[PDB]
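J.: Okay, here's the structure, questions in a sec.
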Amino acid sequence: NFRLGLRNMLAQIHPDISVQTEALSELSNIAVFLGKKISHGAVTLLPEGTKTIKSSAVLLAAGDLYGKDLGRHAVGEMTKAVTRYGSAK
Amino acid sequence: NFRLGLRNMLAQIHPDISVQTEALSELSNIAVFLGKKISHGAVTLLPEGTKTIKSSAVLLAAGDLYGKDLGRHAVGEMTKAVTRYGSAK
Amino acid sequence: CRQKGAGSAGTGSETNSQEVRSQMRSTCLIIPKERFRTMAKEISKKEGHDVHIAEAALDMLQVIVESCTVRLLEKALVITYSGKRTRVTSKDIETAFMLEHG
Amino acid sequence: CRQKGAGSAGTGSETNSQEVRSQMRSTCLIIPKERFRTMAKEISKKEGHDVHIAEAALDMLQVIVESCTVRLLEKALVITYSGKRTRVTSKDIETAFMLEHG
Amino acid sequence: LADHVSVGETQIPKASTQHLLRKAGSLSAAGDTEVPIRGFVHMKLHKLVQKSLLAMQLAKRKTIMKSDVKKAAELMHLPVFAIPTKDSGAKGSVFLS
Amino acid sequence: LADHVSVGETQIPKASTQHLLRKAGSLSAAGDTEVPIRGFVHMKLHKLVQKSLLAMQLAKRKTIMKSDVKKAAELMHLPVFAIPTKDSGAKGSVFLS
Amino acid sequence: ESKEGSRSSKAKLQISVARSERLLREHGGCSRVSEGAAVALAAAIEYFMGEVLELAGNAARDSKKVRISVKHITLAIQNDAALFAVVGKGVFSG
Amino acid sequence: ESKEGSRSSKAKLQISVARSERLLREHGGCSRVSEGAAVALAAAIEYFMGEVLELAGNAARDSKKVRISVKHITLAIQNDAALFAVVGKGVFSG
DNA sequence: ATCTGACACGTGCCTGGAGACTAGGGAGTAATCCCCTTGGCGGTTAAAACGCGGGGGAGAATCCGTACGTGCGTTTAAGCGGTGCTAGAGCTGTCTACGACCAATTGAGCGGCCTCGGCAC
DNA sequence: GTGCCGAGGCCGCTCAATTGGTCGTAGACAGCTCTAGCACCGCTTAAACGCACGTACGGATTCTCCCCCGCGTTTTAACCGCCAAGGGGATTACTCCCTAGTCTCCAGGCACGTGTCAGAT
């Protein structure tokens, strides 16, 4: 489940807007299934002679699921998050 | 691939009928994709506690994918093949 | 619609033109629970006797059914308007189902 | 169709009625290979410059396009026949595409 | 659809089939609309129960719980986000009638 | 479909658009039918190439092979039984024009 | 306990059990695959490709041809309503 | 190089990175999962749940409500053409 | 009748396929707690089915302009074929970055239970 | 304005997440080889485009039929609360079936090359 992760972003984006418990469960169920469809995409594009999912595989898998404007804005946000993790570890 | 296995079946059913080489490759790709759909169905139908696939998992997976008269005749053929294998180990 | 809590839009022999406006404002299921439980146990009884149905499983079975049924009827309305007609007939629903499975 | 040693089954100019029976008997694809390769490299030029396309990949790309286009048009013919008309128009094809994606 | 309804078994009431049309936005409905609508729900419930029964049978249980239908729902490649919990049906929910 | 064609790019010829309608069993074709046909073939090839290119990028190759298209075909959940081997092109094959 | 033959010969199946087990085990679905699941999967593929080959052979014989082609395999599928539902989403080669 | 808390705080994210790593590894789709792939999938969910929450928050405020309901989520997704292409096959409120 | 070139056949082989302990895990079984399911009863009463004028949507018939089938010729380019070049796949052979596994620890997120405020009439 | 039940807040209780090491191992990189993709010219020639003639057809119009929406009445069954018995879902512990792993052996299907006959013309 992703209930506490979704509520924190709502507090950051909309400080005066809360979320129902039933609506939060549907948002968490979207977030779980969003990670599942990307995970299937990462395995499918991965070559058969490999056994590791790198960061580049998740980059290209999300570009197929997210078309045009969303896919372009996604790739910039992933790489910025990755390079923050690479210098703060 | 299942090229030799599917060719030997055609000799048993229709002794005077041959098969195109291109037709044999398409029939083999049906066999691979039929294997993929049943195996993915068997993984889905397993409980979260169990981790292995027994004969009962493939039997119920074939019943779901194959409707009505085909599904009932599927279980009879699959069970007869297992019981024959279980006595000639 | 007949359960407790909320989720009802409008009652009292409300007219058909108002019904389209009201039904887009509600969020509850529109098939009765007792008739759906009798239906759900009857399908299981034809194949396997003495099957209990969970209350949580009953709700999620009904949500999938209406969401597929409304999606079919929305597709049936498109073919009706494509034939320059405003009344959904029996052949329009059969054509709408045939266009995706057949 | 213009490829050597292909089962085209068409003999020069034919009428519209005879073209339906002839195309139901053939198995070859009906878009020329040179113009399909030209389109295949042109779209790939917008993402990755100087990408070679294998001949085996071109055949699988064309087969998927033919089967998906014919499946849409068979669905587009049903909407035309459901509206008591015998002429497939531009609205019928756009309706058939919208009924599965949208 | 046309012949999936049979006499002897319980079906949807006639008024609830017209409510399903009004949720879709239809204004006029024919008098022979109940038979295809009753057929489709009876088909979809027969499809969902048949998948759910084999998931329950393989786990050696006797009650169709929420995990059995969830494995049945995504076996048909249909994503479901309305998963019920113990707090379901509170004031206005997606599970009430 | 409606506006997926752009002036400046090579497109499907008009007689090839009509042959697509003949294989679907259509007896009469409108004169404005060439525009949605050209869009849909252009849309499906744009979808197929875009999935196949990122399959090539992850494998660090520069030529689109048959495996990259096959992985692009199964990514759209569309099974393909037409696998061109080295014996393709023999006589009346499905991969010919 | 019969060492005179393979897994397919023990179960009297023409579809090889070893290749069907390779599809099941190396599908990335589960860690462990039993012996009985390999035989059962091979029998399920074998029975219904016997159904396709029986319909394709009758279609080829009715066309006065002794060789089964792609069109004969295609024409056998929509002539059976039960077989078409399994592979209706498949690309039958243009 | 330093730790100063959890992985999600290190990558400056709000979706838990370690929970998304459990999604990849226990999926069974691959034997080995790199640490950089878990952070990338965490940023995948975090951005596009941010897009849904931003549109649902604006839809809730337009209806003079301070709590997001399931109706506001459905109206926000349907009003965006690009968001509908991803989760449009899902089941919302029957 | 006459090609032809694709399928059936013969050969080399090496990598797929089978046989024999091992032991560790996961499947099966059984007892026990108690959570949730079935059954139902008084009463509601809102919803469902039924019946009756009445008007709007669909069907039928007629007419016609114009958009498409259809020969006919002109025009353009797809393909054989053969050629030649060479960009780039395949495979081999390190080796170093890097992910799994195991030991230990703790507090972030889990549930249970009040309690006041936002949504519904 | 007013009842009200659900999100927020607060109390514990874990075991998921985290660090720190060792260990093997899998992808990055370089270099050699050679199958195959691009290009082009000749030439062919099937095929696409355009144009004139004409006929079928969808749109427009009018008219008529019939059946479905609207309203009133009546029967009836879904649902509250609240009840109770109990069937089977979790949970834990014991026992043991078998299957991944490792080593060994071997022969069967697949590629290469060649005859020859099923089918298109």
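Note on naming: chains are A, B, ... as they come in the structure tokens, residues start from 1 per chain, ligands start from 1 in the order shown.
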Which neighbours of stretch 58-63 of chain D fall inside 6 Å, counting only C-alpha atoms (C1' of nucleotides), when residues of the same chain fewer than 2 positions from it are skipped, and could you give them as a short mmCIF file (atom, residue, chain, number, x, y, z; two decimals) with C-alpha atoms, in the first residue's frame?
T.:
```cif
data_model
loop_
_atom_site.label_atom_id
_atom_site.label_comp_id
_atom_site.auth_asym_id
_atom_site.auth_seq_id
_atom_site.Cartn_x
_atom_site.Cartn_y
_atom_site.Cartn_z
CA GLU D 55 14.29 -7.05 -43.78
CA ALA D 56 12.92 -9.58 -41.29
CA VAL D 65 -0.36 -3.28 -39.68
CA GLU D 66 -2.36 -5.22 -42.30
CA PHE F 95 5.10 -11.71 -45.86
CA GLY G 94 -2.48 -10.66 -42.64
#
```
J.: Take chain E, lay it over chain F with a least-squares fit on all the Cα atoms in order, then hand it over as a short mmCIF file (atom, residue, chain, number, x, y, z; two decimals) with N, CA, C and O atoms, in the first residue's frame.
T.:
```
data_model
loop_
_atom_site.label_atom_id
_atom_site.label_comp_id
_atom_site.auth_asym_id
_atom_site.auth_seq_id
_atom_site.Cartn_x
_atom_site.Cartn_y
_atom_site.Cartn_z
N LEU E 1 -6.18 9.69 -36.83
CA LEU E 1 -7.14 9.29 -37.85
C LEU E 1 -7.49 10.46 -38.76
O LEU E 1 -7.07 10.51 -39.91
N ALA E 2 -8.28 11.40 -38.23
CA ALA E 2 -8.69 12.55 -39.02
C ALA E 2 -7.52 13.49 -39.29
O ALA E 2 -7.37 14.00 -40.41
N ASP E 3 -6.67 13.72 -38.29
CA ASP E 3 -5.57 14.67 -38.40
C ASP E 3 -4.21 14.03 -38.14
O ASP E 3 -3.26 14.71 -37.76
N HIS E 4 -4.11 12.71 -38.33
CA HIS E 4 -2.83 12.04 -38.19
C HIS E 4 -2.03 12.01 -39.49
O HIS E 4 -0.87 11.59 -39.48
N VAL E 5 -2.62 12.45 -40.59
CA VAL E 5 -1.90 12.59 -41.85
C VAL E 5 -1.40 14.03 -41.97
O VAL E 5 -2.10 14.98 -41.59
N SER E 6 -0.16 14.19 -42.42
CA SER E 6 0.45 15.50 -42.55
C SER E 6 1.13 15.62 -43.90
O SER E 6 1.65 14.63 -44.44
N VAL E 7 1.13 16.83 -44.45
CA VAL E 7 1.78 17.07 -45.73
C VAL E 7 3.29 17.18 -45.51
O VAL E 7 3.75 17.72 -44.50
N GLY E 8 4.06 16.60 -46.43
CA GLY E 8 5.51 16.64 -46.32
C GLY E 8 6.13 15.28 -46.10
O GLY E 8 7.32 15.09 -46.38
N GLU E 9 5.35 14.33 -45.61
CA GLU E 9 5.82 12.99 -45.32
C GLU E 9 5.10 11.98 -46.21
O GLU E 9 3.96 12.20 -46.62
N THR E 10 5.79 10.88 -46.52
CA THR E 10 5.26 9.89 -47.45
C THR E 10 4.11 9.12 -46.82
O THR E 10 4.11 8.83 -45.61
N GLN E 11 3.12 8.77 -47.64
CA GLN E 11 1.94 8.05 -47.20
C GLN E 11 1.63 6.91 -48.16
O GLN E 11 2.32 6.72 -49.17
N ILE E 12 0.60 6.15 -47.83
CA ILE E 12 0.13 5.04 -48.67
C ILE E 12 -0.42 5.61 -49.97
O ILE E 12 -1.05 6.69 -49.95
N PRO E 13 -0.20 4.97 -51.12
CA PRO E 13 -0.91 5.38 -52.34
C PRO E 13 -2.41 5.20 -52.21
O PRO E 13 -2.90 4.38 -51.42
N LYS E 14 -3.15 6.00 -52.98
CA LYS E 14 -4.61 6.05 -52.87
C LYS E 14 -5.25 4.71 -53.23
O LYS E 14 -6.23 4.31 -52.61
N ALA E 15 -4.69 4.01 -54.22
CA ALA E 15 -5.28 2.75 -54.65
C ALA E 15 -5.10 1.65 -53.61
O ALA E 15 -5.96 0.76 -53.50
N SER E 16 -4.02 1.69 -52.84
CA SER E 16 -3.77 0.63 -51.86
C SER E 16 -4.69 0.77 -50.65
O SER E 16 -4.94 -0.22 -49.95
N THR E 17 -5.19 1.97 -50.39
CA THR E 17 -6.17 2.14 -49.32
C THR E 17 -7.50 1.51 -49.70
O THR E 17 -8.21 0.98 -48.84
N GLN E 18 -7.86 1.57 -50.98
CA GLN E 18 -9.09 0.94 -51.44
C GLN E 18 -8.97 -0.58 -51.44
O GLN E 18 -9.96 -1.29 -51.26
N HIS E 19 -7.75 -1.09 -51.64
CA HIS E 19 -7.52 -2.53 -51.56
C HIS E 19 -7.71 -3.04 -50.14
O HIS E 19 -8.15 -4.18 -49.94
N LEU E 20 -7.38 -2.22 -49.14
CA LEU E 20 -7.58 -2.61 -47.75
C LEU E 20 -9.06 -2.72 -47.42
O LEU E 20 -9.46 -3.52 -46.57
N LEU E 21 -9.89 -1.91 -48.08
CA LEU E 21 -11.33 -2.00 -47.87
C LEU E 21 -11.91 -3.25 -48.50
O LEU E 21 -12.82 -3.88 -47.95
N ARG E 22 -11.40 -3.63 -49.68
CA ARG E 22 -11.95 -4.78 -50.39
C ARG E 22 -11.57 -6.09 -49.70
O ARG E 22 -12.28 -7.09 -49.84
N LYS E 23 -10.46 -6.10 -48.97
CA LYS E 23 -10.13 -7.25 -48.14
C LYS E 23 -11.10 -7.41 -46.98
O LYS E 23 -11.32 -8.53 -46.51
N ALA E 24 -11.69 -6.31 -46.52
CA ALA E 24 -12.68 -6.34 -45.45
C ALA E 24 -14.07 -6.69 -45.95
O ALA E 24 -14.95 -6.98 -45.13
N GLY E 25 -14.30 -6.68 -47.26
CA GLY E 25 -15.59 -7.05 -47.81
C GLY E 25 -16.51 -5.90 -48.16
O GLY E 25 -17.68 -6.15 -48.48
N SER E 26 -16.03 -4.66 -48.11
CA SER E 26 -16.86 -3.51 -48.44
C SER E 26 -17.07 -3.43 -49.95
O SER E 26 -16.17 -3.74 -50.73
N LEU E 27 -18.27 -3.02 -50.35
CA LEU E 27 -18.61 -2.90 -51.77
C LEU E 27 -18.48 -1.47 -52.28
O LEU E 27 -17.96 -1.25 -53.37
N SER E 28 -18.96 -0.50 -51.51
CA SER E 28 -18.91 0.90 -51.91
C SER E 28 -18.10 1.69 -50.89
O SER E 28 -18.29 1.53 -49.68
N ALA E 29 -17.19 2.53 -51.38
CA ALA E 29 -16.34 3.35 -50.54
C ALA E 29 -16.47 4.81 -50.93
O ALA E 29 -16.50 5.15 -52.12
N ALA E 30 -16.54 5.68 -49.93
CA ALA E 30 -16.66 7.11 -50.18
C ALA E 30 -15.33 7.68 -50.66
O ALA E 30 -14.27 7.07 -50.53
N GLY E 31 -15.41 8.89 -51.23
CA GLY E 31 -14.22 9.56 -51.74
C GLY E 31 -13.32 10.12 -50.67
O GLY E 31 -12.14 10.35 -50.94
N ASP E 32 -13.84 10.36 -49.46
CA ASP E 32 -13.05 10.87 -48.36
C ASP E 32 -12.75 9.71 -47.39
O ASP E 32 -13.06 9.78 -46.20
N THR E 33 -12.35 8.57 -47.94
CA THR E 33 -12.00 7.41 -47.13
C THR E 33 -10.49 7.25 -47.00
O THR E 33 -10.02 6.60 -46.06
N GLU E 34 -9.73 7.87 -47.90
CA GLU E 34 -8.28 7.73 -47.88
C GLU E 34 -7.67 8.41 -46.66
O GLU E 34 -6.69 7.91 -46.09
N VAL E 35 -8.23 9.54 -46.24
CA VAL E 35 -7.67 10.28 -45.11
C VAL E 35 -7.75 9.51 -43.79
O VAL E 35 -6.74 9.46 -43.07
N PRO E 36 -8.89 8.89 -43.41
CA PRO E 36 -8.84 8.07 -42.18
C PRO E 36 -8.00 6.81 -42.30
O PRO E 36 -7.39 6.39 -41.31
N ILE E 37 -7.95 6.19 -43.48
CA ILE E 37 -7.18 4.95 -43.64
C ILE E 37 -5.69 5.24 -43.59
O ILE E 37 -4.92 4.50 -42.95
N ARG E 38 -5.25 6.32 -44.24
CA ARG E 38 -3.85 6.73 -44.15
C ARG E 38 -3.48 7.12 -42.73
O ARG E 38 -2.33 6.93 -42.30
N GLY E 39 -4.43 7.70 -41.99
CA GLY E 39 -4.15 8.10 -40.62
C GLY E 39 -3.95 6.92 -39.69
O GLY E 39 -3.10 6.96 -38.79
N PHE E 40 -4.73 5.85 -39.88
CA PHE E 40 -4.67 4.72 -38.95
C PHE E 40 -3.39 3.92 -39.13
O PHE E 40 -2.80 3.47 -38.14
N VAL E 41 -2.96 3.72 -40.38
CA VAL E 41 -1.71 3.00 -40.63
C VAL E 41 -0.52 3.82 -40.13
O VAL E 41 0.41 3.28 -39.52
N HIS E 42 -0.55 5.13 -40.36
CA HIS E 42 0.52 6.00 -39.87
C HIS E 42 0.53 6.06 -38.35
O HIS E 42 1.58 6.28 -37.74
N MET E 43 -0.63 5.87 -37.71
CA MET E 43 -0.66 5.78 -36.26
C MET E 43 -0.12 4.43 -35.79
O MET E 43 0.64 4.37 -34.82
N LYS E 44 -0.52 3.35 -36.46
CA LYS E 44 -0.10 2.02 -36.03
C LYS E 44 1.39 1.80 -36.28
O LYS E 44 2.06 1.11 -35.50
N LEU E 45 1.91 2.37 -37.36
CA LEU E 45 3.35 2.28 -37.61
C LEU E 45 4.13 3.15 -36.63
O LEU E 45 5.24 2.80 -36.22
N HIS E 46 3.56 4.30 -36.25
CA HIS E 46 4.20 5.14 -35.24
C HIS E 46 4.18 4.47 -33.87
O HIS E 46 5.11 4.63 -33.08
N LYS E 47 3.12 3.71 -33.58
CA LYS E 47 3.05 2.97 -32.32
C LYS E 47 4.06 1.83 -32.31
O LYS E 47 4.74 1.60 -31.30
N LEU E 48 4.18 1.11 -33.42
CA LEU E 48 5.05 -0.07 -33.45
C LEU E 48 6.52 0.32 -33.46
O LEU E 48 7.35 -0.36 -32.84
N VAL E 49 6.87 1.40 -34.16
CA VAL E 49 8.27 1.83 -34.24
C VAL E 49 8.73 2.38 -32.89
O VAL E 49 9.86 2.11 -32.46
N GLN E 50 7.86 3.13 -32.20
CA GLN E 50 8.23 3.74 -30.93
C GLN E 50 8.53 2.70 -29.86
O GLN E 50 9.46 2.85 -29.07
N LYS E 51 7.74 1.62 -29.83
CA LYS E 51 8.04 0.51 -28.93
C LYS E 51 9.31 -0.22 -29.36
O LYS E 51 10.10 -0.66 -28.52
N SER E 52 9.50 -0.38 -30.68
CA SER E 52 10.65 -1.12 -31.18
C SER E 52 11.95 -0.35 -30.99
O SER E 52 13.02 -0.96 -30.80
N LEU E 53 11.89 0.98 -31.06
CA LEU E 53 13.10 1.79 -30.90
C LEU E 53 13.66 1.68 -29.49
O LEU E 53 14.89 1.61 -29.31
N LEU E 54 12.79 1.66 -28.48
CA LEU E 54 13.28 1.62 -27.10
C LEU E 54 13.81 0.24 -26.74
O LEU E 54 14.71 0.12 -25.89
N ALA E 55 13.26 -0.81 -27.35
CA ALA E 55 13.83 -2.14 -27.16
C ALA E 55 15.21 -2.25 -27.79
O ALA E 55 16.12 -2.88 -27.24
N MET E 56 15.39 -1.63 -28.96
CA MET E 56 16.70 -1.60 -29.61
C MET E 56 17.68 -0.72 -28.84
O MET E 56 18.86 -1.07 -28.70
N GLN E 57 17.21 0.43 -28.35
CA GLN E 57 18.08 1.37 -27.66
C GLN E 57 18.58 0.80 -26.33
O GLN E 57 19.72 1.04 -25.93
N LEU E 58 17.73 0.02 -25.65
CA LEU E 58 18.11 -0.51 -24.35
C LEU E 58 19.13 -1.64 -24.49
O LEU E 58 19.90 -1.90 -23.56
N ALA E 59 19.15 -2.31 -25.64
CA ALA E 59 20.10 -3.38 -25.91
C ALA E 59 21.39 -2.87 -26.54
O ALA E 59 22.23 -3.70 -26.93
N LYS E 60 21.55 -1.55 -26.65
CA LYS E 60 22.76 -0.89 -27.18
C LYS E 60 23.07 -1.31 -28.61
O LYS E 60 24.24 -1.33 -29.02
N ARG E 61 22.05 -1.63 -29.39
CA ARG E 61 22.21 -1.92 -30.81
C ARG E 61 21.83 -0.69 -31.63
O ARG E 61 21.47 0.35 -31.09
N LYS E 62 21.95 -0.83 -32.95
CA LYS E 62 21.59 0.24 -33.87
C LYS E 62 20.69 -0.24 -35.00
O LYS E 62 20.38 0.56 -35.90
N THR E 63 20.27 -1.50 -35.00
CA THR E 63 19.43 -2.06 -36.05
C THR E 63 18.23 -2.74 -35.42
O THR E 63 18.38 -3.57 -34.52
N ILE E 64 17.03 -2.39 -35.89
CA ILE E 64 15.80 -3.00 -35.39
C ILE E 64 15.67 -4.38 -36.04
O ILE E 64 15.36 -4.49 -37.22
N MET E 65 15.90 -5.42 -35.25
CA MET E 65 15.81 -6.78 -35.76
C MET E 65 14.45 -7.39 -35.39
O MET E 65 13.55 -6.71 -34.91
N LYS E 66 14.31 -8.69 -35.64
CA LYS E 66 13.02 -9.34 -35.43
C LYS E 66 12.70 -9.53 -33.95
O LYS E 66 11.53 -9.67 -33.59
N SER E 67 13.72 -9.54 -33.09
CA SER E 67 13.47 -9.70 -31.67
C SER E 67 12.93 -8.42 -31.05
O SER E 67 12.17 -8.46 -30.08
N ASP E 68 13.32 -7.27 -31.61
CA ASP E 68 12.86 -5.99 -31.06
C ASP E 68 11.39 -5.75 -31.36
O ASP E 68 10.65 -5.25 -30.51
N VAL E 69 10.95 -6.10 -32.57
CA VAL E 69 9.54 -5.93 -32.92
C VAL E 69 8.69 -6.97 -32.19
O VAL E 69 7.54 -6.69 -31.81
N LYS E 70 9.23 -8.17 -31.97
CA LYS E 70 8.50 -9.21 -31.24
C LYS E 70 8.25 -8.81 -29.80
O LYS E 70 7.17 -9.08 -29.25
N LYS E 71 9.23 -8.16 -29.16
CA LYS E 71 8.99 -7.60 -27.83
C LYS E 71 8.05 -6.41 -27.91
O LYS E 71 7.33 -6.12 -26.95
N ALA E 72 8.05 -5.70 -29.04
CA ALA E 72 7.14 -4.58 -29.22
C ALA E 72 5.72 -5.06 -29.50
O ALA E 72 4.75 -4.41 -29.11
N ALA E 73 5.58 -6.19 -30.20
CA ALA E 73 4.26 -6.67 -30.59
C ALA E 73 3.46 -7.18 -29.40
O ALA E 73 2.28 -6.84 -29.26
N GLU E 74 4.07 -7.99 -28.53
CA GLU E 74 3.35 -8.53 -27.39
C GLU E 74 3.36 -7.60 -26.18
O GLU E 74 2.72 -7.91 -25.18
N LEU E 75 4.06 -6.46 -26.26
CA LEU E 75 3.92 -5.44 -25.23
C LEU E 75 2.55 -4.78 -25.30
O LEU E 75 2.03 -4.30 -24.29
N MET E 76 1.96 -4.75 -26.50
CA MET E 76 0.61 -4.23 -26.70
C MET E 76 -0.46 -5.29 -26.54
O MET E 76 -1.61 -5.05 -26.94
N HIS E 77 -0.10 -6.45 -25.96
CA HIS E 77 -1.01 -7.58 -25.74
C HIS E 77 -1.63 -8.06 -27.05
O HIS E 77 -2.82 -8.39 -27.11
N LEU E 78 -0.82 -8.11 -28.10
CA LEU E 78 -1.26 -8.57 -29.42
C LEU E 78 -0.45 -9.80 -29.81
O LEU E 78 0.73 -9.67 -30.18
N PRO E 79 -1.02 -11.00 -29.72
CA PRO E 79 -0.26 -12.20 -30.10
C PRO E 79 -0.02 -12.26 -31.60
O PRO E 79 -0.92 -12.02 -32.40
N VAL E 80 1.22 -12.60 -31.97
CA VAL E 80 1.64 -12.67 -33.36
C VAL E 80 2.15 -14.07 -33.62
O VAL E 80 3.06 -14.55 -32.92
N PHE E 81 1.59 -14.74 -34.63
CA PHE E 81 2.02 -16.07 -35.03
C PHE E 81 2.75 -16.08 -36.36
O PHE E 81 3.20 -17.15 -36.79
N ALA E 82 2.86 -14.94 -37.03
CA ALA E 82 3.57 -14.86 -38.31
C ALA E 82 5.00 -14.36 -38.10
O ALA E 82 5.39 -13.29 -38.56
N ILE E 83 5.78 -15.16 -37.38
CA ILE E 83 7.18 -14.84 -37.12
C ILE E 83 8.02 -15.28 -38.32
O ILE E 83 8.00 -16.46 -38.68
N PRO E 84 8.75 -14.37 -38.97
CA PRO E 84 9.52 -14.75 -40.15
C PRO E 84 10.80 -15.50 -39.79
O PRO E 84 11.41 -15.27 -38.75
N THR E 85 11.19 -16.40 -40.68
CA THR E 85 12.44 -17.15 -40.58
C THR E 85 13.28 -16.89 -41.83
O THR E 85 12.94 -16.05 -42.67
N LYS E 86 14.38 -17.64 -41.95
CA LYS E 86 15.25 -17.51 -43.12
C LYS E 86 14.66 -18.13 -44.38
O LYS E 86 15.19 -17.89 -45.47
N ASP E 87 13.58 -18.90 -44.26
CA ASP E 87 12.93 -19.53 -45.41
C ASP E 87 11.67 -18.77 -45.80
O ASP E 87 10.90 -19.24 -46.64
N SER E 88 11.45 -17.59 -45.23
CA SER E 88 10.22 -16.85 -45.44
C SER E 88 10.14 -16.30 -46.86
O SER E 88 11.14 -15.89 -47.45
N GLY E 89 8.92 -16.29 -47.41
CA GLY E 89 8.70 -15.80 -48.75
C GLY E 89 9.15 -16.79 -49.81
O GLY E 89 10.01 -16.48 -50.63
N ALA E 90 8.57 -18.00 -49.79
CA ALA E 90 9.10 -19.08 -50.62
C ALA E 90 8.40 -19.19 -51.97
O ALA E 90 9.00 -18.91 -53.01
N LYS E 91 7.12 -19.57 -51.97
CA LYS E 91 6.32 -19.56 -53.19
C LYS E 91 5.11 -18.64 -53.06
O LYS E 91 4.97 -17.69 -53.83
N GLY E 92 4.23 -18.91 -52.10
CA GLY E 92 3.19 -17.98 -51.71
C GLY E 92 3.19 -17.90 -50.20
O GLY E 92 2.89 -18.89 -49.52
N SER E 93 3.51 -16.74 -49.65
CA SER E 93 3.71 -16.61 -48.22
C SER E 93 2.86 -15.48 -47.66
O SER E 93 2.14 -14.77 -48.38
N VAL E 94 2.96 -15.30 -46.35
CA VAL E 94 2.24 -14.23 -45.67
C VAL E 94 3.06 -12.95 -45.63
O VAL E 94 2.61 -11.95 -45.06
N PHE E 95 4.25 -12.96 -46.22
CA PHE E 95 5.18 -11.84 -46.16
C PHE E 95 5.41 -11.19 -47.52
O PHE E 95 6.04 -10.13 -47.58
N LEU E 96 4.93 -11.80 -48.60
CA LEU E 96 5.13 -11.26 -49.93
C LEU E 96 4.10 -10.17 -50.23
O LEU E 96 3.11 -10.00 -49.51
N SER E 97 4.34 -9.44 -51.30
CA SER E 97 3.45 -8.38 -51.76
C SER E 97 2.82 -8.77 -53.09
O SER E 97 3.11 -9.82 -53.66
#
```
J.: Over all C-alpha pairs taken in order, what is the RMSD once chain C has been least-squares superposed onto chain D?
T.: 0.5 Å
J.: If DSSP is run on the backbone, what residues of chain C are helix (DSSP H, G or I)? A reply as a VMD selection string would be ideal.
T.: chain C and resid 16 to 23 33 to 47 55 to 82 90 to 98
J.: Quick one: pick out all strand (DSSP E or B) residues within chain A from a backbone DSSP run and write them as a VMD selection string.
T.: chain A and resid 18 to 19 52 to 53
J.: Once you have the residues from the selection above, write them out as a short mmCIF file (atom, residue, chain, number, x, y, z; two decimals), in the first residue's frame, restricted to C-alpha atoms.
T.:
```cif
data_model
loop_
_atom_site.label_atom_id
_atom_site.label_comp_id
_atom_site.auth_asym_id
_atom_site.auth_seq_id
_atom_site.Cartn_x
_atom_site.Cartn_y
_atom_site.Cartn_z
CA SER A 18 -7.90 16.46 2.62
CA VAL A 19 -8.78 13.02 1.22
CA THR A 52 19.21 -7.37 -13.85
CA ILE A 53 16.78 -4.45 -14.15
#
```
J.: Leaving out residue A:14 and any residue of its chain fewer than 5 positions from it, which residues lie within 9 Å of it when counting only C-alpha atoms (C1' of nucleotides), given as a list in words?
T.: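 The residues satisfying every condition are residues 9 of chain A; 53, 54, 57 and 58 of chain H.
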J.: Output C-alpha atoms for every residue in that selection, as an mmCIF file, in the first residue's frame.
T.:
```cif
data_model
loop_
_atom_site.group_PDB
_atom_site.id
_atom_site.type_symbol
_atom_site.label_atom_id
_atom_site.label_comp_id
_atom_site.auth_asym_id
_atom_site.auth_seq_id
_atom_site.Cartn_x
_atom_site.Cartn_y
_atom_site.Cartn_z
ATOM 1 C CA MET A 9 2.012 14.851 -1.397
ATOM 2 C CA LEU H 53 -3.821 14.756 -6.982
ATOM 3 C CA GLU H 54 -3.349 18.205 -8.538
ATOM 4 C CA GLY H 57 -7.713 18.934 -5.764
ATOM 5 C CA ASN H 58 -8.782 21.583 -8.270
#
```
